[PDB]
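J.: Pasting a structure below so you can have a look.
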4 protein chains.
Amino acid sequence: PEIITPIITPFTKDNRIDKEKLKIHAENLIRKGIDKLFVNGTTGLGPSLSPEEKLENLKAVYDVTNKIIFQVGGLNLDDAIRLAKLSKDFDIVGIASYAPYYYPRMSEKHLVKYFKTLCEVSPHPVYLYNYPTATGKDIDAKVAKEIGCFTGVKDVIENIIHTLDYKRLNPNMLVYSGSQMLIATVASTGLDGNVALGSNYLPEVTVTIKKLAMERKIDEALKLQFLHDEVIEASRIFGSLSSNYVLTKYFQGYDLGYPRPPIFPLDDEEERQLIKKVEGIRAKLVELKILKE
Amino acid sequence: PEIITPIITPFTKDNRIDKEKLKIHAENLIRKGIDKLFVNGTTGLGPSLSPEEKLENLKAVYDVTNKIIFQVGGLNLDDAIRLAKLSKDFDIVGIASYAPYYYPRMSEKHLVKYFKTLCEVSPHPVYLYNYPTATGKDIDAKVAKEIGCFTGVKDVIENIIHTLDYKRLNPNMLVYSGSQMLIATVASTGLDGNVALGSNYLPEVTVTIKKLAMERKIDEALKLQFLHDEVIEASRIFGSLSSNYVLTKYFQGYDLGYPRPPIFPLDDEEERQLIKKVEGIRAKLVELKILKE
Amino acid sequence: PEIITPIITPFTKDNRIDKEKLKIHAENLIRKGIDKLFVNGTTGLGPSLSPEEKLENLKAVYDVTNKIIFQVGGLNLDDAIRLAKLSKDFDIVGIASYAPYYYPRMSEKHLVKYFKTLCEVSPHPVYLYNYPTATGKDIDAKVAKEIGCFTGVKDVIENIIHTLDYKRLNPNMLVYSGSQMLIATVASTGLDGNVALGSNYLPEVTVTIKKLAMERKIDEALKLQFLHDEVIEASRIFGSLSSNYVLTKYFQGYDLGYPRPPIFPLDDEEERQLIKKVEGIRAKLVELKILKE
Amino acid sequence: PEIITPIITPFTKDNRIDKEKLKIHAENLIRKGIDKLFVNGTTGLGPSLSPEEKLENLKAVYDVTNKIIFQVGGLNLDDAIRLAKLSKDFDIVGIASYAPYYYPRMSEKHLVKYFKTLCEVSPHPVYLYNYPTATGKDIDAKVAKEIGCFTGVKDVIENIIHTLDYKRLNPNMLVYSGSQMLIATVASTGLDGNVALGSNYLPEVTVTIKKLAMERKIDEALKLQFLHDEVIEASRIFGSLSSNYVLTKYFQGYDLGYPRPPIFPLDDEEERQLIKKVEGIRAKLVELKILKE
């Protein structure tokens with residue numbers, strides 16, 4: 001079982017990638033036990049990044065670790081192809097792409113052709129990044145099998161039979177769940193792990209839940225699962241993608257800069273209110289020894 | 001943890017409840033180790049039954065077992081109240097209701113009032129039957145807490161965190177998943193069991209999966225899960241509610257009559273083609289000694 | 001072109017149909033220029049009614065007028081058949097049915113078979129009552145052509161091209177939009193009229209909008225359309241099916257009793273708040289000489 | 001009332017904007033009676049275009065006409081700001097943005113701030129481009145009023161009351177419908193016109209339907225509307241965004257090149273199949289003297 005972090009992209013106030021803050025974040029994540037870093041995903045604002053910014057994120061994180069899955073997708077296939085080819089110089093786990101977003105009513109033929117083109121040029125294993133609520137399209141287990149060239153899939157959806165279908169129809173595929181419910185997906189249900197949004201700011205929890213689950217300490221893991229869930233709930237008050245910056249700095253102790261508008265940073269009063277909502281949770285996790293004070 | 005069967009309602013050719021076939025079905029499921037029978041649920045065509053017929057279903061199954069949850073809901077609250085009160089003289093597990101179906105844009109106030117009304121008159125513990133896809137409404141963990149009188153919930157939805165939420169916010173509530181993925185909901189994930197529609201025609205498979213999972217035999221349980229999912233898949237070819245009758249006759253060896261139109265029965269040709277699709281699953285299940293030839 | 005009123009069903013405090021209030025209501029609507037009365041529709045709480053209650057509505061309104069479309073649908077096809085046959089003794093415009101509701105993933109074949117079965121037994125022209133938000137299913141122009149036997153369709157959907165499609169694919173079909181926008185649907189855009197929710201409580205407004213629209217007095221018609229839309233939005237604050245009762249009493253001056261729970265009646269405070277939100281609209285309609293002081 | 005064409009972006013075989021083909025297309029659209037050209041819209045593959053390409057599109061079309069609405073939106077608000085400011089030296093109708101796409105559960109506050117930031121920097125009127133099925137978010141009349149700085153709205157949605165709401169709550173706002181039903185939106189129902197995808201390839205049909213509708217020749221208008229609808233239906237066979245290129249070349253007589261993958265071009269077989277679908281429509285339009293042979 002593996003935990004994969006869809007890593008946040010920190011931006012400066014000039015709205016450029018803060019390479020040094022991203023280096024520090026990646027270091028802390030690997031040191032806290034995260035298995036792999038997924039770069040240019042939804043949580044890292046991948047669609048908000050130009051192709052060159054996506055590449056910059058790869059380089060920054062690669063200085064720290066090879067354990068990278070490099071998201072390269074977009075609405076210009078030639079750009080996605082170019083990023084796939086540029087990745088040949090990086091000894092990483094894989095590249096990935098979401099399905100073409102925005103456009104409604106795209107044919108399965110065209111969607112399949114998009115992914116097969118990336119497979120044909122990829123110097124690395126190719127991962128499906130399946131996120132129907134964001135992209136408007138579902139590349140399900142059957143379509144993945146038609147595509148035939150994925151080494152793995154990240155199924156960002158709460159429909160757990162949907163995720164298990166990839167394993168059933170593609171037995172050699174690595175299958176990761178993007179469900180908020182780590183306890184039921186990380187271990188012991190036929191999947192290879194979880195892509196965990198909350199691991200950016202509380203990697204100790206996600207990793208500890210993983211261990212507890214494999215040791216059969218379900219009651220103990222559920223308690224942390226619930227704390228994790230209460231943080232997620234709180235992150236939605238002002239917007240999860242923006243709140244992830246405030247929460248990471250609060251729980252981990254280092255700044256991550258700003259998101260990219262229109263993912264607007266929380267202002268000082270919203271940050272204050274959000275910290276107030278999660279301060280009791282942090283005290284509990286300290287009392288439990290998952291976080292050092 | 002438990003397996004609850006949303007039990008099929010057998011109808012005769014002239015569209016009457018076939019009480020003797022219902023009793024045979026109920027006995028078989030109890031004999032094979034189903035824990036409770038959920039009567040007048042979706043799989044039993046509850047919404048197609050008059051309140052008179054819902055009570056007759058209760059009376060038929062009660063001649064077999066008192067391990068009954070009695071679904072009484074509908075769009076005439078007085079009829080639901082009457083069914084609840086009439087259940088007084090049955091030593092059963094509880095009553096249940098789905099949310100008011102059909103009408104869109106019902107206020108939360110009215111939804112809460114409907115359910116509190118049933119609690120006030122019920123002589124038994126009351127179960128929430130949550131099925132957003134069929135009813136158009138979600139009675140989520142927060143709304144259930146506001147209602148405040150549910151002994152348990154059956155959450156018929158693939159969203160596994162949605163189901164867990166009930167336990168986090170209502171720690172004394174019994175929480176059952178209606179997910180197709182037995183292996184992640186029947187044990188060791190914080191839940192009390194699974195309401196399994198496939199358990200009508202393959203109770204042995206669902207009961208055995210519950211055991212293998214408790215015993216941590218995930219590989220062996222996974223193999224049965226996939227076979228169960230293949231049958232499920234096959235049932236969608238002509239319609240699951242209709243097909244569940246053909247499948248139960250095929251896998252369990254007794255006739256369950258007809259569904260109620262507009263849930264039309266499969267014709268002779270459709271039956272033959274469906275059997276064709278699952279005869280190899282049957283054969284595999286025999287070799288595994290899950291079923292007898 | 002025609003205005004069709006989906007007529008309210010008044011109930012007594014004992015939750016039985018109030019025949020005398022229904023007769024009074026139907027009389028007023030005909031007197032005010034409504035062309036036809038659609039009985040046991042959504043606004044009449046058709047799905048909350050037993051087969052015998054649906055028949056009682058037909059009978060009460062038929063004492064007043066034969067300009068009736070009689071909705072008979074349900075999840076027990078024998079009951080629908082029985083109602084269709086019982087309508088023979090009533091010289092009305094036609095019978096109608098919505099698609100089978102609640103049950104998801106019903107096959108097109110079964111949906112077609114339901115409607116063709118009703119056509120086979122109907123002594124009258126058969127109308128499609130298409131309401132996909134309420135039923136979960138869409139019987140679109142193509143499926144309607146396949147069914148082959150509809151004299152007309154009431155398409156309750158805001159998607160105006162979807163409604164015109166019925167005319168394009170079935171040139172002999174009478175086609176009525178259920179859209180809130182009377183101006184663009186009631187006349188001069190290809191359709192035969194509008195099934196108008198608001199017509200229960202402001203029949204004068206919908207008739208006058210039709211006349212002005214036919215006269216091409218668009219500015220005048222829009223002013224009324226906007227006052228009508230404001231009443232619609234007020235009706236949704238507490239639930240439009242419940243507010244329809246208060247609004248009919250307020251604007252038409254007679255009582256329509258109660259809805260049937262779980263369509264709960266507005267409580268005293270809600271009634272007061274709803275009146276406050278429309279009492280200026282009333283004043284303006286009086287000033288404009290659409291309503292009587 | 002006005003017709004606005006969301007103009008196609010022609011690309012070369014090597015995926016570069018083909019400026020000369022764009023100019024030829026814009027010239028023909030203006031010549032055939034189209035009032036305004038909307039550049040970098042959905043039909044023009046705006047989200048597939050870099051900010052540099054969005055500007056190049058403006059520059060090409062501006063050599064032909066200054067009746068341009070310049071779509072500038074994106075997920076890097078600095079790029080949108082830059083494009084807005086660069087537009088100062090062009091005497092155009094306005095700029096436009098869709099809502100921030102892809103990311104789900106964006107707060108209203110952040111959506112409002114996005115649009116207000118554009119208004120604060122815009123040297124021109126600002127248009128709301130409302131396209132909820134593509135963007136995942138609806139900026140409805142009420143939020144539009146709260147944003148408070150739009151000169152006009154393009155409501156790409158078939159819900160016609162939704163579109164009218166903008167005019168009701170914002171009387172000075174220009175309100176265009178993107179619905180497929182020209183005859184009910186272009187004239188005489190309260191709106192200022194229609195943004196018509198089909199106007200790229202059959203501008204003659206779009207302009208004549210408007211003329212007929214204004215003249216109140218509804219039967220003649222409706223007959224063209226149906227022909228238009230049959231082409232749109234044929235364009236869905238292989239994908240509308242791709243089929244618009246083939247249809248423009250077929251009906252208008254000049255090459256528009258290729259779309260940008262993953263909006264893949266129709267291959268030679270698909271083009272022939274689609275032409276066979278519409279050649280009867282073309283001959284009919286020649287017979288009606290809408291098109292010259």
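Starting from 1 in every chain, residues are counted up; chains themselves are A, B, ... following the order of the structure tokens, and ligands are numbered from 1 as listed.
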List every residue of region 57-273 of chain A that DSSP, applied to the backbone, labels as strand (DSSP E), and write the result as a list in words.
T.: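 Matching residues, listed in order: residues 68, 69, 70, 71, 94, 95, 96, 97, 98, 126, 127, 128, 129, 130, 150, 151, 152, 153, 154, 155, 174, 175, 176, 177, 193, 194 and 195 of chain A.
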J.: For region 32-40 of chain B, find every residue with an atom within 7 Å (counting only C-alpha atoms), except residues of its own chain fewer than 4 positions away, and show them as a list in words.
T.: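 Skipping anything fewer than 4 positions along the chain leaves residues 2, 3, 4, 5, 6, 7, 28, 44, 45, 46, 54, 58, 67, 68, 69, 70, 71, 203, 204 and 207 of chain B.
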J.: Tell me as a PyMOL selection string which residues belonging to chain A come within 12 Å of chain B, counting only C-alpha atoms.
T.: chain A and resi 156-169+171+177-191+209+212-230+232-233
J.: How would the residues just chosen look if you wrote them out with N, CA and C atoms as a compact mmCIF listing (two decimals), in the first residue's frame?
T.:
# COMPACT_ATOMS: atom_id res chain seq x y z
N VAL A 156 -9.87 9.56 -8.91
CA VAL A 156 -10.27 10.59 -7.96
C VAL A 156 -11.79 10.68 -8.04
N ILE A 157 -12.45 9.87 -7.22
CA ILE A 157 -13.89 9.73 -7.20
C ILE A 157 -14.20 8.98 -5.90
N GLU A 158 -15.42 9.12 -5.41
CA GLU A 158 -15.77 8.45 -4.16
C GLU A 158 -16.46 7.10 -4.37
N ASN A 159 -16.70 6.73 -5.62
CA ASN A 159 -17.39 5.50 -6.02
C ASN A 159 -16.37 4.37 -5.99
N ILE A 160 -16.36 3.59 -4.91
CA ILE A 160 -15.24 2.68 -4.70
C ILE A 160 -15.35 1.46 -5.62
N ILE A 161 -16.54 1.06 -6.04
CA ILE A 161 -16.60 -0.02 -7.01
C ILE A 161 -16.06 0.44 -8.35
N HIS A 162 -16.29 1.71 -8.70
CA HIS A 162 -15.68 2.27 -9.90
C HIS A 162 -14.17 2.03 -9.90
N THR A 163 -13.50 2.30 -8.78
CA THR A 163 -12.06 2.12 -8.73
C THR A 163 -11.68 0.65 -8.84
N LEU A 164 -12.39 -0.23 -8.14
CA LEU A 164 -12.02 -1.66 -8.16
C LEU A 164 -12.21 -2.27 -9.55
N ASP A 165 -13.13 -1.72 -10.34
CA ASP A 165 -13.32 -2.17 -11.70
C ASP A 165 -12.03 -2.10 -12.53
N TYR A 166 -11.17 -1.11 -12.29
CA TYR A 166 -9.94 -1.04 -13.08
C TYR A 166 -9.08 -2.27 -12.83
N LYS A 167 -8.95 -2.66 -11.56
CA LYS A 167 -8.25 -3.88 -11.18
C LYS A 167 -8.91 -5.12 -11.78
N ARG A 168 -10.24 -5.18 -11.74
CA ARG A 168 -10.93 -6.37 -12.25
C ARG A 168 -10.70 -6.54 -13.75
N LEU A 169 -10.73 -5.45 -14.52
CA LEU A 169 -10.62 -5.52 -15.97
C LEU A 169 -9.21 -5.31 -16.50
N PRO A 171 -5.97 -6.51 -14.78
CA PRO A 171 -5.34 -7.13 -13.60
C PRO A 171 -3.92 -6.67 -13.32
N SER A 177 -6.75 4.97 -5.27
CA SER A 177 -7.99 5.67 -4.99
C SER A 177 -7.69 7.10 -4.57
N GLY A 178 -8.51 8.02 -5.05
CA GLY A 178 -8.45 9.39 -4.62
C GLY A 178 -9.55 9.68 -3.63
N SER A 179 -10.15 8.63 -3.06
CA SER A 179 -11.19 8.81 -2.07
C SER A 179 -10.64 9.49 -0.80
N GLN A 180 -11.48 10.31 -0.20
CA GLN A 180 -11.17 10.87 1.11
C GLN A 180 -11.05 9.81 2.18
N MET A 181 -11.60 8.62 1.96
CA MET A 181 -11.61 7.60 3.01
C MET A 181 -10.41 6.66 2.85
N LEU A 182 -9.30 7.10 3.42
CA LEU A 182 -8.07 6.32 3.38
C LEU A 182 -8.29 4.93 3.96
N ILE A 183 -8.95 4.87 5.11
CA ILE A 183 -9.06 3.65 5.90
C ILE A 183 -9.57 2.49 5.06
N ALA A 184 -10.43 2.76 4.07
CA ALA A 184 -11.04 1.70 3.29
C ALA A 184 -10.41 1.48 1.92
N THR A 185 -9.27 2.11 1.64
CA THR A 185 -8.76 2.10 0.28
C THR A 185 -7.25 1.90 0.24
N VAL A 186 -6.56 2.47 1.22
CA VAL A 186 -5.10 2.36 1.25
C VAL A 186 -4.68 0.90 1.26
N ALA A 187 -5.30 0.11 2.13
CA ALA A 187 -4.86 -1.25 2.39
C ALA A 187 -6.03 -2.21 2.43
N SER A 188 -5.75 -3.44 2.02
CA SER A 188 -6.57 -4.62 2.31
C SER A 188 -7.91 -4.65 1.59
N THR A 189 -8.10 -3.87 0.53
CA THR A 189 -9.32 -3.99 -0.25
C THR A 189 -9.04 -4.18 -1.74
N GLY A 190 -7.82 -4.59 -2.11
CA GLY A 190 -7.48 -4.89 -3.49
C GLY A 190 -6.87 -3.75 -4.29
N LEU A 191 -6.66 -2.59 -3.68
CA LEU A 191 -6.06 -1.45 -4.35
C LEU A 191 -4.61 -1.30 -3.92
N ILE A 209 -2.44 6.41 9.50
CA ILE A 209 -3.64 5.65 9.19
C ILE A 209 -3.27 4.42 8.37
N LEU A 212 -1.65 1.77 10.79
CA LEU A 212 -2.69 1.21 11.64
C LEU A 212 -3.62 0.28 10.88
N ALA A 213 -4.00 0.65 9.66
CA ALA A 213 -4.90 -0.21 8.90
C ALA A 213 -4.28 -1.58 8.64
N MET A 214 -3.00 -1.62 8.25
CA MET A 214 -2.35 -2.89 7.95
C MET A 214 -2.11 -3.71 9.20
N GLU A 215 -2.10 -3.08 10.37
CA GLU A 215 -1.94 -3.77 11.65
C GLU A 215 -3.28 -4.16 12.28
N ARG A 216 -4.40 -3.86 11.63
CA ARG A 216 -5.73 -4.25 12.10
C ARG A 216 -6.20 -3.42 13.29
N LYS A 217 -5.64 -2.23 13.48
CA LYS A 217 -6.08 -1.33 14.55
C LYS A 217 -7.15 -0.36 14.04
N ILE A 218 -8.27 -0.93 13.61
CA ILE A 218 -9.28 -0.17 12.88
C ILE A 218 -9.86 0.93 13.76
N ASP A 219 -10.09 0.64 15.04
CA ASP A 219 -10.65 1.64 15.93
C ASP A 219 -9.71 2.83 16.07
N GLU A 220 -8.41 2.55 16.17
CA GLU A 220 -7.44 3.62 16.27
C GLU A 220 -7.36 4.41 14.97
N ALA A 221 -7.37 3.71 13.83
CA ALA A 221 -7.28 4.41 12.55
C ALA A 221 -8.53 5.26 12.28
N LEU A 222 -9.71 4.76 12.65
CA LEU A 222 -10.92 5.53 12.45
C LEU A 222 -10.87 6.86 13.18
N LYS A 223 -10.31 6.88 14.40
CA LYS A 223 -10.24 8.12 15.16
C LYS A 223 -9.44 9.18 14.40
N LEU A 224 -8.32 8.77 13.80
CA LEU A 224 -7.54 9.71 12.99
C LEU A 224 -8.25 10.03 11.68
N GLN A 225 -8.87 9.02 11.05
CA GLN A 225 -9.66 9.28 9.86
C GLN A 225 -10.65 10.39 10.12
N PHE A 226 -11.31 10.36 11.27
CA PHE A 226 -12.34 11.35 11.57
C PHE A 226 -11.72 12.73 11.78
N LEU A 227 -10.60 12.81 12.50
CA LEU A 227 -9.88 14.08 12.61
C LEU A 227 -9.51 14.62 11.23
N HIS A 228 -8.91 13.77 10.39
CA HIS A 228 -8.63 14.10 9.00
C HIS A 228 -9.87 14.65 8.32
N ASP A 229 -11.01 13.99 8.50
CA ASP A 229 -12.23 14.44 7.85
C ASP A 229 -12.68 15.79 8.38
N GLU A 230 -12.54 16.03 9.68
CA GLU A 230 -12.92 17.32 10.24
C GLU A 230 -12.07 18.44 9.67
N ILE A 232 -10.76 18.39 6.59
CA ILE A 232 -11.25 18.59 5.24
C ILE A 232 -12.52 19.43 5.28
N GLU A 233 -13.48 19.03 6.11
CA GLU A 233 -14.69 19.84 6.26
C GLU A 233 -14.35 21.31 6.47
J.: Skip region 272-274 of chain D itself and residues of its chain fewer than 2 positions away, then list as a ChimeraX atom specification all residues within 12 Å of it, counting only C-alpha atoms.
T.: /D:230-240,242-247,250,266-270,276-281
J.: Write out as a PyMOL selection string all residues of region 3-43 of chain C that DSSP puts in alpha helix (DSSP H) for this structure's backbone.
T.: chain C and resi 19-31
J.: I'd like the neighbourhood of residue 82 (chain C) as a PyMOL selection string, where a residue qualifies if any of its atoms comes within 10 Å (using only C-alpha atoms), though same-chain residues fewer than 3 positions away should be ignored.
T.: chain C and resi 51+72+77-79+85-87+118+121-122
J.: Now that the selection is made, can you save its residues with N, CA and C atoms as a PDB file, in the first residue's frame?
T.:
ATOM      1  N   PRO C  51     -55.085   4.985  -7.095  1.00  0.00           N
ATOM      2  CA  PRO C  51     -55.869   4.923  -8.346  1.00  0.00           C
ATOM      3  C   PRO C  51     -57.277   5.448  -8.173  1.00  0.00           C
ATOM      4  N   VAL C  72     -52.944   9.149 -15.481  1.00  0.00           N
ATOM      5  CA  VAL C  72     -53.310   7.842 -14.934  1.00  0.00           C
ATOM      6  C   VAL C  72     -52.099   6.984 -14.582  1.00  0.00           C
ATOM      7  N   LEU C  77     -48.811  -1.144 -13.510  1.00  0.00           N
ATOM      8  CA  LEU C  77     -49.390  -0.941 -14.834  1.00  0.00           C
ATOM      9  C   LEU C  77     -50.830  -1.436 -14.908  1.00  0.00           C
ATOM     10  N   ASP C  78     -51.191  -2.479 -14.142  1.00  0.00           N
ATOM     11  CA  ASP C  78     -52.599  -2.879 -14.115  1.00  0.00           C
ATOM     12  C   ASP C  78     -53.483  -1.726 -13.627  1.00  0.00           C
ATOM     13  N   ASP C  79     -53.026  -0.968 -12.614  1.00  0.00           N
ATOM     14  CA  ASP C  79     -53.820   0.152 -12.121  1.00  0.00           C
ATOM     15  C   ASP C  79     -53.955   1.244 -13.179  1.00  0.00           C
ATOM     16  N   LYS C  85     -59.181   2.386 -18.809  1.00  0.00           N
ATOM     17  CA  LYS C  85     -60.446   1.779 -19.200  1.00  0.00           C
ATOM     18  C   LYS C  85     -61.612   2.501 -18.550  1.00  0.00           C
ATOM     19  N   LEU C  86     -61.498   2.850 -17.268  1.00  0.00           N
ATOM     20  CA  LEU C  86     -62.580   3.570 -16.602  1.00  0.00           C
ATOM     21  C   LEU C  86     -62.868   4.935 -17.216  1.00  0.00           C
ATOM     22  N   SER C  87     -61.905   5.536 -17.937  1.00  0.00           N
ATOM     23  CA  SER C  87     -62.118   6.855 -18.519  1.00  0.00           C
ATOM     24  C   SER C  87     -63.095   6.800 -19.686  1.00  0.00           C
ATOM     25  N   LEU C 118     -50.368   1.208 -22.537  1.00  0.00           N
ATOM     26  CA  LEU C 118     -51.441   2.143 -22.219  1.00  0.00           C
ATOM     27  C   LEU C 118     -52.179   2.579 -23.486  1.00  0.00           C
ATOM     28  N   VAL C 121     -54.864   0.065 -24.656  1.00  0.00           N
ATOM     29  CA  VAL C 121     -56.127  -0.064 -23.923  1.00  0.00           C
ATOM     30  C   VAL C 121     -56.884   1.243 -23.825  1.00  0.00           C
ATOM     31  N   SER C 122     -56.305   2.346 -24.294  1.00  0.00           N
ATOM     32  CA  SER C 122     -56.909   3.644 -24.029  1.00  0.00           C
ATOM     33  C   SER C 122     -58.121   3.869 -24.921  1.00  0.00           C
TER      34      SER C 122
END
J.: Find the spatial neighbours of region 64-66 of chain D, counting only C-alpha atoms, within a cut-off of 9 Å - ignore same-chain residues fewer than 6 positions away - and output them as a list in words.
T.: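 In the requested format, the answer is residues 23, 24, 26, 27, 30, 36, 37, 90, 91, 92 and 93 of chain D.
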J.: Residues as selected, C-alpha atoms, written as an mmCIF file, in the first residue's frame, can you do that?
T.:
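What landed in part-v9.cif:
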data_model
loop_
_atom_site.group_PDB
_atom_site.id
_atom_site.type_symbol
_atom_site.label_atom_id
_atom_site.label_comp_id
_atom_site.auth_asym_id
_atom_site.auth_seq_id
_atom_site.Cartn_x
_atom_site.Cartn_y
_atom_site.Cartn_z
ATOM 1 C CA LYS D 23 -9.774 36.608 -42.209
ATOM 2 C CA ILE D 24 -11.620 34.982 -45.151
ATOM 3 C CA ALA D 26 -14.694 36.668 -40.858
ATOM 4 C CA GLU D 27 -15.171 38.551 -44.124
ATOM 5 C CA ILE D 30 -19.862 39.971 -42.017
ATOM 6 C CA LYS D 36 -20.764 40.636 -34.360
ATOM 7 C CA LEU D 37 -17.942 38.139 -34.028
ATOM 8 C CA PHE D 90 -8.494 48.090 -30.513
ATOM 9 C CA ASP D 91 -11.869 49.762 -31.041
ATOM 10 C CA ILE D 92 -13.941 46.658 -30.338
ATOM 11 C CA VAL D 93 -17.363 45.896 -28.822
#
J.: Go ahead and compute the interatomic distance for CA of residue 15 (chain B) and CA of residue 260 (chain B), in Å to one decimal.
T.: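 Between these atoms lies a distance of 6.3 Å.
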J.: Set the distance at 8 Å and use only C-alpha atoms: which residues neighbour residue 111 (chain A) once local chain neighbours fewer than 6 positions away are removed? I'd like the list as an MDAnalysis selection string.
T.: (chainID A and resid 99:100) or (chainID D and resid 262)
J.: Deliver the residues from the most recent selection as a file, using C-alpha atoms, as a short mmCIF file (atom, residue, chain, number, x, y, z; two decimals), in the first residue's frame.
T.:
data_model
loop_
_atom_site.label_atom_id
_atom_site.label_comp_id
_atom_site.auth_asym_id
_atom_site.auth_seq_id
_atom_site.Cartn_x
_atom_site.Cartn_y
_atom_site.Cartn_z
CA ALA A 99 -8.72 13.63 -19.80
CA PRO A 100 -9.27 16.75 -21.96
CA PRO D 262 -7.59 16.75 -28.77
#
J.: Give me, as a tab-separated table (two decimals) with C-alpha atoms, in the first residue's frame, all polymer residues having an atom no more than 10 Å from residue 132 (chain A), counting only C-alpha atoms and skipping those fewer than 5 positions away in the same chain.
T.:
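out-v6.tsv written:
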chain	number	residue	atom	x	y	z
A	98	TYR	CA	-6.19	13.89	-16.99
A	99	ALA	CA	-8.72	13.63	-19.80
A	101	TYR	CA	-11.33	19.08	-19.76
A	137	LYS	CA	-15.55	12.94	-18.46
A	138	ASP	CA	-15.06	9.47	-17.03
A	139	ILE	CA	-12.26	7.28	-18.37
A	140	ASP	CA	-13.64	4.17	-16.66
A	155	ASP	CA	-9.25	7.34	-9.66
A	156	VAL	CA	-10.27	10.59	-7.96
A	157	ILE	CA	-13.89	9.73	-7.20
J.: Between CA of residue 175 (chain D) and CA of residue 153 (chain D), what distance in Å does the model show, to one decimal?
T.: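 Interatomic distance here is 5.0 Å.
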